[PDB]
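Taking it in order: structure first as structure tokens, then the write-up.
Proteins get letters first, then strands, A, B, ... in listed order; numbering begins at 1 in each.
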Amino acid sequence: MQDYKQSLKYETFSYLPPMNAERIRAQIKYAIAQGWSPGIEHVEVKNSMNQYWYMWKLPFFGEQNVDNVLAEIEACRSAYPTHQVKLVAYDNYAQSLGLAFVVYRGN
Amino acid sequence: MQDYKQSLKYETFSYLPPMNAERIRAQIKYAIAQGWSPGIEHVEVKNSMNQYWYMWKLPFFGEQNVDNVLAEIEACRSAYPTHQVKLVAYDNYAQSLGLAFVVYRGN
Amino acid sequence: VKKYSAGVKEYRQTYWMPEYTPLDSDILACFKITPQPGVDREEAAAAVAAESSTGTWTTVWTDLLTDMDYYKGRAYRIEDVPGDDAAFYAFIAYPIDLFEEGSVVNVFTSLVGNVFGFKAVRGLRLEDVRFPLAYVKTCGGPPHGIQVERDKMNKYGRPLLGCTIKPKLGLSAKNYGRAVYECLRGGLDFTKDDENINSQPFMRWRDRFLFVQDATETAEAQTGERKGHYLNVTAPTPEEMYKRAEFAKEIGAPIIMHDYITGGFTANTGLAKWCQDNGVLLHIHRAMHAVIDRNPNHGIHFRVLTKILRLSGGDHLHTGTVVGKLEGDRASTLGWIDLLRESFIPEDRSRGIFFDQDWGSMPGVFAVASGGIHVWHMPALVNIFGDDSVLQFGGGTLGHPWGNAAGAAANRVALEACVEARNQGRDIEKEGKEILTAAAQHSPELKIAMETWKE
Amino acid sequence: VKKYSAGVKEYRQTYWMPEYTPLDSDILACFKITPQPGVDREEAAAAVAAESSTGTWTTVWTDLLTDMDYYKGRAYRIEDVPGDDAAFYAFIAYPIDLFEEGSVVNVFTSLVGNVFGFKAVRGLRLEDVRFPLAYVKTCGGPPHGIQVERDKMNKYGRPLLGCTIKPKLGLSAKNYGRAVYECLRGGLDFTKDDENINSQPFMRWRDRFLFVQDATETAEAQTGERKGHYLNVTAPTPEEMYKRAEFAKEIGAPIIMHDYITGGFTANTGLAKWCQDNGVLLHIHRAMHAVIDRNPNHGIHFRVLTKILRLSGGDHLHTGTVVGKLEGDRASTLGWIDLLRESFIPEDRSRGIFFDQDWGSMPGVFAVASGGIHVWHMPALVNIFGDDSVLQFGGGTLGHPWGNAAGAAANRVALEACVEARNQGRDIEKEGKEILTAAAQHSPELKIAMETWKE
Amino acid sequence: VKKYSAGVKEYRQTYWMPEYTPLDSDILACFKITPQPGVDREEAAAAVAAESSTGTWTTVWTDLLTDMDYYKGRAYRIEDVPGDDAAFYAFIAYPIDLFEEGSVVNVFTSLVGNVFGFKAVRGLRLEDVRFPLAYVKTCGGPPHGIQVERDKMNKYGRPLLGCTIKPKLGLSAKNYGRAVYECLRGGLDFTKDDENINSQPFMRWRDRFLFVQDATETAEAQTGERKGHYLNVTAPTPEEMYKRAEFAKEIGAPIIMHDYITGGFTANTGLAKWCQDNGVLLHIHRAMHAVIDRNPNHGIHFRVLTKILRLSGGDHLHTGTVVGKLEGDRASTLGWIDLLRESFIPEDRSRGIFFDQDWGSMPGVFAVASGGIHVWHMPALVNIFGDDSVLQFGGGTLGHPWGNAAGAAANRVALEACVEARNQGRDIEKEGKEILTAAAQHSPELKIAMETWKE
Amino acid sequence: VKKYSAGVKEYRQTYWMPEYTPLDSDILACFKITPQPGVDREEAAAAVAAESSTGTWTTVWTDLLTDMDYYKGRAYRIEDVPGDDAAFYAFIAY
Amino acid sequence: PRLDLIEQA
Amino acid sequence: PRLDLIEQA
Amino acid sequence: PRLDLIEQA
Amino acid sequence: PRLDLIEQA
Amino acid sequence: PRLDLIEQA
Amino acid sequence: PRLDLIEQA
């Protein structure tokens with residue numbers, strides 16, 4: 001029998017191994033193909049459970065290029081290198097997030 | 001698109017560039033010309049949202065000389081060099097503050 | 001008829017209107033009727049329209065005090081059943097005025113509750129009911145629905161994971177909270193009371209609520225993810241039901257559950273209104289293929305019951321398992337899901353849908369999958385239910401060889417591996433084993449879970 | 001079992017106890033089980049005992065936190081069904097600790113509500129349930145019962161006469177009260193709302209209550225006999241149900257009714273407690289042989305539902321008609337009656353009674369006969385139901401050629417002629433026609449009633 | 001008149017008192033009356049005094065039961081309108097006894113609500129109303145007013161900045177809170193619900209309140225300045241209105257808003273009393289130049305409505321935009337502002353003020369500027385409204401090319417640059433461009449805002 | 001519109017739907033509109049549909065968070081007033 | 001009735 | 001979801 | 001404000 | 001009245 | 001009484 | 001304790 005080690009988690013996909021560039025890219029491709037608008041949120045690690053993280057600029061409404069989203073993830077990282085950074089995908093038909101996952105767990 | 005950088009603010013005029021001596025002087029001149037009594041409040045930075053800051057001495061009721069107010073601002077600064085310092089102007093006709101702004105953001 | 005003549009009469013001349021076009025406001029019903037031998041189809045359909053509306057077994061003089069032509073239910077079409085020959089389909093329209101606003105069972109029990117036959121029908125079965133939008137707008141519906149629930153719990157991009165605490169009965173409150181705590185800290189979004197956990201001698205409800213809530217807060221702090229436990233407020237009386245719900249709200253429990261079978265419509269509808277007033281999520285359990293919805297030629301079909309439960313109100317709805325069901329009824333599983341979640345369901349005989357059902361803006365309901373499901377079911381479950389579902393793994397979590405936390409983690413890893421693979425475009429049902437096997441390379445909990453139960 | 005071993009296991013070794021003698025406090029259940037092919041009877045019976053109690057489809061470690069041997073349901077005997085061979089009878093005992101006190105459906109839904117099979121059973125049917133006296137004492141039961149109801153209404157020596165107002169739907173409140181007034185002044189003890197008369201656009205509930213109560217008071221003054229009308233308080237929410245019941249009490253209505261199917265157990269149990277607190281008689285309608293209780297090999301038998309309704313509480317209970325039923329099920333009709341009214345019902349397989357049912361001091365319930373019955377049915381009805389019953393003649397009264405008052409009088413004369421003849425020692429069923437014909441010589445209303453409907 | 005004589009009579013002899021000097025307690029009204037052709041001015045003025053007080057179209061005997069001379073409204077002066085010739089000014093005095101204390105609309109609807117003409121007037125328009133101090137003291141007035149609001153929010157020395165979230169409808173609660181959070185952290189003092197954001201299917205009110213409050217707390221912590229969001233409690237019923245206001249207070253929201261047009265006087269007055277009892281600031285929206293106050297010869301002038309709103313109670317008042325209005329109505333804009341904020345407003349015909357209005361100690365109200373305003377409007381806005389105002393930039397903030405935070409900062413920089421320049425003695429309206437251009441050198445957000453919309 | 005572009009825009013392209021058949025559930029309104037001089041009828045009818053529903057005097061980015069096509073009021077027919085010529089009838093569905 | 005058919009009898 | 005599959009669409 | 005412009009003044 | 005002039009008629 | 005001796009009179 | 005010494009045992 002193995003003992004389960006308790007650690008903080010980061011919602012969807014945080015129980016998988018941390019994503020490389022290809023796995024992140026594939027999720028953004030999925031969100032765009034669903035017609036969702038990618039967006040970037042960031043927050044201080046201690047505030048990760050708030051409903052309202054900082055929004056990075058505006059959601060990239062009608063963005064079709066995955067590389068633009070990746071560049072803005074990098075831009076947000078540089079602006080707030082200690083913040084947790086989350087990739088969200090807005091679904092205007094459901095007025096929900098079709099997808100959301102943390103790309104950088106912060107420090 | 002530029003990202004808006006979140007920082008703490010200090011109410012009226014804190015969204016303008018920090019005031020030099022002439023801009024501070026002009027505001028005190030305005031308050032005196034309105035018939036308001038200048039006063040000085042100060043508080044520890046973490047308590048800046050309290051309703052009751054420390055009052056520096058008494059409001060300078062019927063003070064007409066701008067330089068006296070400036071000197072008392074300096075005196076309050078020296079007495080509490082880590083405190084936020086606020087210039088208030090009492091309006092006894094409205095029993096309100098006609099004007100209030102932070103002259104030193106504290107440390 | 002303008003004049004009173006006492007005596008038994010046929011119903012065909014009043015209650016069979018083959019030229020009737022249903023109004024948009026009409027409640028429409030599709031009955032599978034097997035008539036008594038000798039009785040014509042048009043007469044038997046007329047008999048069901050009479051008994052479920054303004055008809056009496058003998059002529060009454062009080063009919064002449066009102067206008068029957070406006071108020072009566074009237075059968076307007078008859079269709080053969082594809083397969084049977086004894087039975088036929090009767091389509092009967094009911095004026096919306098026949099029913100109490102916001103009381104959808106008053107529709108239901110009028111239709112089949114007390115409809116014995118008028119000596120013309122030997123077999124009845126309610127297949128579908130078209131609730132017009134005008135009537136839908138009068139019902140409370142889900143207190144929050146899928147989108148608001150996701151916003152309240154801050155959960156996006158995957159099905160939610162749940163687990164009923166086992167054994168179903170027998171655990172003390174503190175031991176119950178221990179099981180809950182271990183499941184929640186391991187990666188489940190929710191735990192839940194068993195449907196028949198109310199307030200028993202071995203575990204009084206108030207003690208359970210307190211320990212469970214302490215377990216929920218602890219695991220939430222230790223995972224950084226929102227957690228919940230469906231506290232069962234099903235109670236012998238409405239006062240007791242409301243009292244337990246109030247205590248759930250008082251201690252900060254985000255979600256409660258109600259056994260619709262135990263409690264009944266009146267309690268459930270009141271509870272759903274209470275939940276919307278108090279911002280508490282409401283999980284509904286109503287077993288189907290059990291007493292009511294299992295017999296294929298006798299009873300009320302589960303899609304009618306599904307419509308009722310959505311109107312009565314619930315943020316989650318659970319009946320039985322879907323994966324163990326055959327590929328044939330999977331099409332009926334997909335149609336069941338759509339009635340729960342979609343705004344407009346078009347008519348489709350192949351799925352058993354005889355009318356367009358318009359929900360308008362009524363929120364959708366989370367579909368819940370349970371049963372004896374474990375990690376190996378995860379690919380099929382993700383593929384069938386999609387994201388707007390709750391996958392409950394009771395035994396699949398507490399039956400893990402390393403305990404609840406490891407079991408919760410195994411299911412959480414399996415779920416996320418399937419969701420990620422689906423988002424990558426892979427056919428997760430065909431590639432299920434490979435997806436789980438690969439994810440099992442990084443999750444020892446998942447690895448031994450796959451060895452505990454069979455593919 | 002003292003040690004934890006994950007994995008699916010058989011249930012026979014834990015949940016099949018052929019040497020178990022049930023404790024007097026045990027809830028006993030008799031299931032007609034058809035097992036999956038290949039599965040042994042002892043295993044399938046064990047599977048039903050497990051799933052309806054402390055069993056899980058796979059072994060869970062939390063079982064070891066409690067004592068299963070005390071808490072588990074355990075099958076203790078298996079018997080062949082006389083006639084079938086696929087099915088068998090499983091007798092399963094449940095410790096009384098498994099259930100919430102005073103919440104008899106928590107017993108019911110634990111037993112069959114959510115019991116799918118654990119992959120060992122392909123067919124389940126709950127035949128009888130022994131509620132031990134210890135559990136019976138925790139339930140509210142009828143708010144008044146037969147003897148107190150007769151004392152409150154000052155009615156002795158005969159069945160009570162009732163009538164549902166017809167048409168079932170469509171009458172305005174004032175016209176509803178007119179029909180009620182005419183029936184009551186003609187000789188009926190009660191009238192009643194139809195089960196699906198709640199608060200519709202054509203007749204709002206408060207207007208109905210007022211006009212009906214005015215009708216009731218008027219007819220009572222003009223006959224010198226106590227009168228009542230079952231005001232239907234069935235409502236979408238408990239608050240609304242209680243509000244209507246409170247208004248019934250406020251205006252002096254002696255009796256209300258509740259559609260158990262529409263409302264549900266929780267609402268009904270709360271209403272029955274309210275009725276005892278407020279001295280209001282409670283009539284219960286629960287259709288049987290409808291959805292739930294009609295299928296002979298799939299579902300819950302009506303005698304189990306009858307026991308539940310008595311414990312949940314009601315002064316009257318109505319399901320369906322008894323005379324149209326065949327002479328074969330008349331023995332089942334007589335057994336149904338006894339479960340409602342008697343204090344101790346001995347076991348009798350011929351009537352479907354598998355356990356001695358002890359009610360102790362729990363009051364009996366008036367049995368209600370309805371359906372398409374008229375004067376010609378009166379001899380059989382008096383003979384079958386006896387004095388402690390309510391005979392409801394809806395169409396039989398409002399369908400009289402001379403209107404409600406004459407119809408009420410015809411039924412009242414027929415009833416009293418049958419009761420008088422019975423008290424004289426005559427065999428009223430064999431001599432029924434002669435008894436009615438003789439009474440018809442003095443009652444023109446009865447005379448034409450007998451000409452309106454066929455012997 | 002001491003004797004009763006039935007029949008239609010003229011009103012001049014009772015309701016036209018040219019020698020009447022108004023008492024200090026009289027409610028005074030100035031009507032612009034266009035009489036029916038042939039009717040004398042003194043008669044038509046008398047007709048309006050009669051119909052708005054104790055007059056009837058025909059003589060009634062009940063007049064002699066009371067003293068008309070004390071109670072009647074009486075016209076006491078007539079003046080020509082400068083410009084028109086058909087119309088004239090009637091000054092009518094009403095004894096204070098005619099009105100319910102603390103119910104200022106009872107004054108208003110008595111005056112013009114139901115005053116059709118008595119066949120002597122073809123055109124009516126209420127220009128001004130003198131509420132005597134005695135009556136003012138009976139009204140609740142603003143729950144806090146300018147000075148207390150500044151003390152509660154700790155805001156001094158400048159106008160406050162606000163912003164309505166856009167789009168007006170369609171955003172989910174969480175997305176709504178995101179927009180709010182971004183605006184507040186960028187430098188706005190307030191955000192607000194749109195007037196017609198109540199509780200819609202896309203965003204239920206309780207979810208909105210929670211997410212907005214989380215947004216407000218977050219931005220307050222990250223700026224070190226007090227923040228607020230006007231939560232719209234406008235509701236279909238008063239119970240619902242109070243419930244939402246109570247939830248706003250419960251979660252710590254400092255300020256709520258009420259659409260006076262939607263809600264009405266009774267709801268607003270009750271809400272304002274509630275706000276004073278619970279220390280919540282109250283923002284009032286009442287559109288003017290819309291249906292009621294736009295027609296210059298037909299309707300109620302906005303200054304009368306302004307007086308009513310101050311008495312009814314509100315800490316902020318908003319109607320329409322002021323800068324887009326012409327320089328001519330700027331004098332009417334300045335007079336409007338003074339009625340809101342000052343204690344004593346002297347008579348001034350040039351501004352439309354026909355009576356001295358004494359408010360005594362009744363607190364002033366923040367004047368609110370909105371409309372399609374952006375940074376370029378800031379100099380004019382600061383100059384016109386001065387410090388005791390709220391400048392709301394909905395589109396001007398959320399329409400910034402770099403998003404809400406940058407837009408909020410641009411407006412905040414523009415506002416503070418204008419205030420600083422004003423305090424330095426510069427003519428900020430004449431030097432507006434130079435002031436903004438200089439401040440834009442240090443604020444890239446402001447720089448591109450000035451490039452986004454035209455000077 | 002899928003992309004955010006700040007600035008004042010006309011309403012005709014979003015709020016004037018001459019091919020729209022009102023749903024049975026739609027709130028229908030008939031306005032007698034007198035437009036500002038120069039403004040086309042279809043634009044003014046679109047302006048009333050916008051302001052009485054999901055429209056703003058300038059483009060807001062929050063429109064893209066929801067589906068305007070579902071929620072907007074849209075003018076679907078214009079008719080002359082019998083007698084006047086300045087005014088016209090706008091039929092708007094909500 | 002009531003106490004005629006008791007288990008006690 | 002929600003408004004993707006409306007009768008309006 | 002408030003008491004600056006009173007009728008008393 | 002009431003049901004004489006219905007849309008149903 | 002009441003309105004006989006008013007300040008108005 | 002509790003269930004060790006039951007009548008059932």
Side-chain donor-acceptor pair under 3.5 Å between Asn196(D) and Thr109(C), yes or no?
yes
Name the option with the most non-hydrogen atom pairs under 4.5 Å to chain C; the candidates are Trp402(D), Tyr242(D), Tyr260(D).
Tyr242(D)
If you count heavy-atom pairs under 4.5 Å between each of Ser199(C), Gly403(C), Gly7(C), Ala267(C) and chain D, which one has the most?
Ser199(C)
Considering only heavy atoms, which portion of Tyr4(C) lies under 4.5 Å from any heavy atom of chain D: side chain, backbone, both, or neither?
side chain
Closest heavy-atom contact between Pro236(C) and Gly102(D)?
CB-O, 3.4 Å
What is the minimum heavy-atom distance between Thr452(C) and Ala6(D), and which atoms define it?
CG2-CB, 4.1 Å
About how many Å separate OG1 of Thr54(D) and CG of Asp194(C), when rounded to the nearest 0.5 Å?
11.0 Å
I'd like to know which of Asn106(C), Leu271(C), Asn175(C) tops the heavy-atom pair count under 4.5 Å against chain D.
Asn106(C)
Begin with the C-alpha distance, continue with both residues' side-chain angles, and end with the deciding distance and a verdict on side chain to side chain contact (heavy atoms under 4.5 Å, CB included) for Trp274(D) and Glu239(C).
CA-CA 11 Å; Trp274(D) 182 93; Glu239(C) 304 72 58; over 6 Å; no
What are the two closest heavy atoms between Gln200(D) and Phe99(C), and how far apart are they?
CG-C, 3.6 Å
Take atom NZ of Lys9(D) as the centre, draw a 6.0 Å sphere, and report whether it contains more than 12 heavy atoms from other residues, nucleotides or ligands.
yes
Name the option with the most non-hydrogen atom pairs under 4.5 Å to chain C; the candidates are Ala272(D), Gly264(D), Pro201(D).
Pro201(D)
Can you tell me which portion of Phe118(D) sits under 4.5 Å from chain C's heavy atoms? Options are side chain, backbone, both or neither.
neither
For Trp61(C), is it the side chain, the backbone, both or neither that has a heavy atom under 4.5 Å from a heavy atom of chain D?
both
Chain D: which of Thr59(C), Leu398(C), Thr66(C), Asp97(C) shares the most heavy-atom pairs with it under 4.5 Å?
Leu398(C)
Whatever's closer than 4.5 Å to a heavy atom in chain D on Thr262(C) counts as both
If I measure from the heavy atoms of chain D, does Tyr70(C) come under 4.5 Å with its side chain, its backbone, both, or neither?
neither
What closest approach, in Å, do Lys168(C) and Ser110(D) show between heavy atoms, and which atom pair accounts for it?
NZ-CB, 3.9 Å
Engaged part of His400(C) at the chain D interface, taking heavy atoms whose separation is under 4.5 Å
backbone
Side chain proximity check, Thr58(C) to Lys166(D), heavy atoms < 4.5 angstrom:
no
Nearest-0.5 Å distance that lies between atom CZ in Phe265(D) and atom OG1 in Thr237(C):
9.0 Å
Please look at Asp67(C) and chain D and tell me whether the side chain, the backbone, both or neither of the residue comes under 4.5 angstrom of a heavy atom of that chain.
neither
Residue pair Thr62(C) / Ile165(D), side-chain heavy-atom distance below 4.5 Å:
no
For chain C, find which of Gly263(D), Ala179(D), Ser103(D) contributes the most heavy-atom pairs closer than 4.5 angstrom.
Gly263(D)
Measuring from atom CD of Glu240(C) to atom NZ of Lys273(D), what distance do you get when rounded to the nearest 0.5 angstrom?
13.0 Å
Please rank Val105(C), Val107(C), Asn114(C), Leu169(C) by heavy-atom pairs under 4.5 Å with chain D and give me the top one.
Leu169(C)
Which heavy atom in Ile373(D) sits nearest to a heavy atom in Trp57(C), and how many Å separate them?
O-CZ2, 3.6 Å
Checked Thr164(C), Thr234(C), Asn268(C), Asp63(C) vs chain D; the most non-hydrogen pairs under 4.5 Å come from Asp63(C)
Between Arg244(C), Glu195(C), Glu51(C), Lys72(C), which residue shows the highest count of heavy-atom pairs closer than 4.5 Å to chain D?
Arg244(C)
Quick check: does any side chain N or O of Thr266(D) sit under 3.5 Å from a backbone N or O of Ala235(C), one acting as donor and the other as acceptor?
yes
Please flag which part of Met203(C) lies under 4.5 Å from any non-hydrogen atom of chain D: side chain, backbone, both or neither.
neither
Should we say atom NZ of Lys174(D) is surrounded by more than 12 heavy atoms from elsewhere, each under 6.0 Å from it?
no
Any idea which heavy atoms bring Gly113(C) and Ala290(D) closest together, and the distance?
O-CB, 3.6 Å
Parallel, tilted or perpendicular: rings of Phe202(D) and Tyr71(C) (30°, 60°):
perpendicular
